[PDB]
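A look at the structure
This is what each chain is made of:
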Amino acid sequence: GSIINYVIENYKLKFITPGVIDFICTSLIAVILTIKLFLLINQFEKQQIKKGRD
Amino acid sequence: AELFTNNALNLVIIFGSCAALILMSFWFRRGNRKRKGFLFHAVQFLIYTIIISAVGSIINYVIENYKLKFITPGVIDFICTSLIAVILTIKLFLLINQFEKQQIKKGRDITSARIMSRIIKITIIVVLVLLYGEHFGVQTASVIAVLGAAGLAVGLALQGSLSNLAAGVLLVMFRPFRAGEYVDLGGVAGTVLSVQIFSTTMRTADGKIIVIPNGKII
Amino acid sequence: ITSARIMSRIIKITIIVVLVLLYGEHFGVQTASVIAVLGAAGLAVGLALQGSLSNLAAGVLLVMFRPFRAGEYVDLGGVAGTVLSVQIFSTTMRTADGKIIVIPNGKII
Ligand SMILES: CCCCCCCCCCCC
Ligand SMILES: CCCCCCCCCCCC
Ligand SMILES: CCCCCCCCCCCC
Ligand SMILES: CCCCCCCCCCCC
Ligand SMILES: CCCCCCCCCCCC
Ligand SMILES: CCCCCCCCCCCC
């Protein structure tokens, strides 16, 4: 993502602004954090139900 | 001339943002396959704000371009963020009012639901000033200290209810007793009818209902 | 008149205190020692108002969750009687003897 950021530092011709890319790059990874982190909690709940908990 | 070379990306989202609203807006008109809730409303507000940011700031850049117009950059930025804040209040008040209507329908008393709505209105307004304390009006060190003192006072007042909530969570997780089990919770004995968030209801052998806060039980 | 006069004075004092907060820097001066002393005063006031805030929260809870309603015989910790009304800070019950008892909501909760 920052490789493309540097690619842009290079070809400034593209109207693409550095700020948006940095905002998107870190924003995208955050989303994966939620989706990835929610799965484990849901998986943990499934095991808890299996163990015998109400 | 030499300014459209930077607006191209901005116009891309503007057109996409404008089309995004139509797709989601017409979906609500055409029934509701997914749960309505407040998630869709937040997206609507979240998509609407981008248009203001995209095109409000699009016009901001338009001005960075034609400085001829006496229009000053500061006012536009103040108006752009100020306008979106107003939509936040109008949009956010509707859901709370809608929630109150459902509560009345469910069976809750008018005063029971009316009091609940007022509590949300006061808390929502307090949060709104926090998010726009600097932009709107002013926020000084004395103001911050007084607001922190008020928050501390509120937190100290709500100590009992939070303690009861924590005790109820613990009683739900660890089960020293269950609904239908004779128990003696500190001088009171009776069949347990139900464990709730703040208190549990037991029916003594005599036949009377007793409600005990969860914190005292724990 | 004294009931309303006292209420007006309380608003005057609080409104003035807020006015200096909003113009402490522009008008006069606002130093770090001044900020610390004002924060200490606010903390003292908040600690003093702990009981009233607790009663308010308890009353809100009693209004939301209804362990009892106006006209229901109850026993709120050693006192029993028909419940006449639940208010913000306290509720009024009338014992079977015929006397009125007022109990703070926090103690009830
Ligand atoms: C440079 C920013 C200074 C902010 C000062 C905040 C002071 C908060 C005092 C809180 C007292 C309870
Ligand atoms: C009706 C009362 C609503 C709650 C008001 C709380 C005020 C706290 C002031 C603390 C000052 C340090
Ligand atoms: C000073 C404000 C403190 C507010 C604390 C709120 C805690 C809410 C816990 C969840 C309740 C269901
Ligand atoms: C309002 C606070 C709710 C959470 C209370 C603490 C629960 C901790 C459980 C720990 C189990 C190992
Ligand atoms: C640069 C701003 C410094 C502000 C310092 C505030 C100190 C507050 C102390 C509060 C003690 C209770
Ligand atoms: C002065 C404080 C008023 C609010 C008291 C807390 C009410 C929490 C209700 C939570 C219901 C789930």
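cryo-EM is the method the PDB entry states for this structure, with the resolution given as 2.7 Å.

This part is about the sheet that holds strand β3 (residues 199-203) of chain B. Consider a sheet: its strands pair through backbone hydrogen bonds, and that pairing is either parallel or antiparallel. Residue and element names in this part refer to chain B. Strand order across the open sheet formed by four strands is β1-β2-β3-β4, with antiparallel pairing between neighbours. The outermost strands of the open sheet, each flanked by one partner alone, are β1 (182-184) and β4 (209-213). Taking each pair of neighbouring strands and ignoring which way they run, the sheet shows an average axis angle of 50°. Across five bridges, β3 lies against β4 in antiparallel orientation. If you follow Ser 199 over to β4, its bridge partner there is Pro 213.

Attention shifts here to the pairing of strand β3 (residues 90-94) of chain C. Residues and elements named next belong to chain C. The element β3 is largely enclosed, with a buried count of four among its five residues. Bridging between strand β2 (residues 80-86) and β3 involves four bridges; their strand directions are antiparallel. When the bridges of β3 are listed, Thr 82 appears paired with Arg 94. With five bridges joining them, β3 and strand β4 (residues 100-104) adopt antiparallel strand pairing. In the sheet register, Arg 94 faces β4, and the bridge partner there is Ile 100.

The rules we used
Residues numbered from 1 in each chain as written, not as in the entry; some residues may be left out. Chains lettered and ligands numbered in written order. Part of a larger assembly, values for the part shown. Heavy atoms only, no water. Pairing = 2+ DSSP bridges. Helix = DSSP H or I, 4+ residues; strand = E, 2+ residues; numbered from the N terminus. Axes fitted to C-alpha atoms, helices over the stretch in contact; angles between N-to-C directions. Buried < 20%, exposed > 50% of the residue type's maximum accessible area, 1.4 Å probe, protein only.

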